[PDB]
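Down below is the structure, laid out as structure tokens.
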Amino acid sequence: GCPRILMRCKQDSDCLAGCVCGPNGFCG
């Protein structure tokens, strides 16, 4: 699943494995 590290994004392709780009502009 998605790791517990913070990451900024504009789409899910910016995020780590199993993560999504949420509406706050960060991965989870």
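Residue numbering restarts at 1 in every chain; chains get A, B, ... in the order shown in the structure tokens, and ligands count up from 1 in that same order.
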Exercise: residue A:23 partners within 10 Å, only C-alpha atoms, chain neighbours under 5 positions left out, as an MDAnalysis selection string: chainID A and resid 9:11
List the neighbours of residue A:7 out to 10 Å using only C-alpha atoms; skip same-chain residues closer than 2 positions along the sequence, and give me the result as a PDB file with N, CA and C atoms, in the first residue's frame.
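Written file, around.pdb:
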```
ATOM      1  N   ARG A   4       3.913   6.117   4.182  1.00  0.00           N
ATOM      2  CA  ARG A   4       3.496   7.216   5.075  1.00  0.00           C
ATOM      3  C   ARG A   4       4.287   8.529   4.889  1.00  0.00           C
ATOM      4  N   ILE A   5       5.053   8.643   3.803  1.00  0.00           N
ATOM      5  CA  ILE A   5       5.843   9.834   3.431  1.00  0.00           C
ATOM      6  C   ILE A   5       4.961  10.899   2.751  1.00  0.00           C
ATOM      7  N   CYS A   9       1.774  16.922  -5.359  1.00  0.00           N
ATOM      8  CA  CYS A   9       1.287  16.357  -6.626  1.00  0.00           C
ATOM      9  C   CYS A   9       0.243  17.224  -7.352  1.00  0.00           C
ATOM     10  N   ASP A  14       2.502  11.444  -9.938  1.00  0.00           N
ATOM     11  CA  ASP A  14       3.514  12.101  -9.097  1.00  0.00           C
ATOM     12  C   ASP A  14       3.753  11.348  -7.772  1.00  0.00           C
ATOM     13  N   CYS A  15       2.797  10.507  -7.362  1.00  0.00           N
ATOM     14  CA  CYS A  15       2.772   9.830  -6.067  1.00  0.00           C
ATOM     15  C   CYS A  15       3.504   8.475  -6.063  1.00  0.00           C
ATOM     16  N   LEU A  16       3.776   7.962  -4.855  1.00  0.00           N
ATOM     17  CA  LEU A  16       4.412   6.659  -4.628  1.00  0.00           C
ATOM     18  C   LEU A  16       3.438   5.506  -4.959  1.00  0.00           C
ATOM     19  N   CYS A  21      -3.272  11.078  -5.657  1.00  0.00           N
ATOM     20  CA  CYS A  21      -3.152  12.521  -5.443  1.00  0.00           C
ATOM     21  C   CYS A  21      -4.494  13.093  -4.956  1.00  0.00           C
ATOM     22  N   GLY A  25      -3.739  18.568  -2.810  1.00  0.00           N
ATOM     23  CA  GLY A  25      -2.524  18.676  -3.630  1.00  0.00           C
ATOM     24  C   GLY A  25      -1.347  17.842  -3.112  1.00  0.00           C
ATOM     25  N   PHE A  26      -1.582  16.922  -2.168  1.00  0.00           N
ATOM     26  CA  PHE A  26      -0.584  15.974  -1.663  1.00  0.00           C
ATOM     27  C   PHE A  26      -1.058  14.514  -1.779  1.00  0.00           C
ATOM     28  N   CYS A  27      -0.092  13.597  -1.796  1.00  0.00           N
ATOM     29  CA  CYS A  27      -0.305  12.157  -1.943  1.00  0.00           C
ATOM     30  C   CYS A  27      -0.794  11.476  -0.650  1.00  0.00           C
ATOM     31  N   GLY A  28      -1.597  10.419  -0.810  1.00  0.00           N
ATOM     32  CA  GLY A  28      -2.092   9.540   0.260  1.00  0.00           C
ATOM     33  C   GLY A  28      -2.952   8.387  -0.263  1.00  0.00           C
TER      34      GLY A  28
END
```
Extract the full set of strand (DSSP E or B) residues from chain A according to DSSP on the backbone, and format it as a ChimeraX atom specification. /A:8,21,26-27
For those residues, write C-alpha atoms to a file as a compact mmCIF listing (two decimals), in the first residue's frame.
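out-v7.txt was written with the following content:
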```txt
# COMPACT_ATOMS: atom_id res chain seq x y z
CA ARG A 8 3.23 17.10 -3.38
CA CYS A 21 -3.15 12.52 -5.44
CA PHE A 26 -0.58 15.97 -1.66
CA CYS A 27 -0.30 12.16 -1.94
```
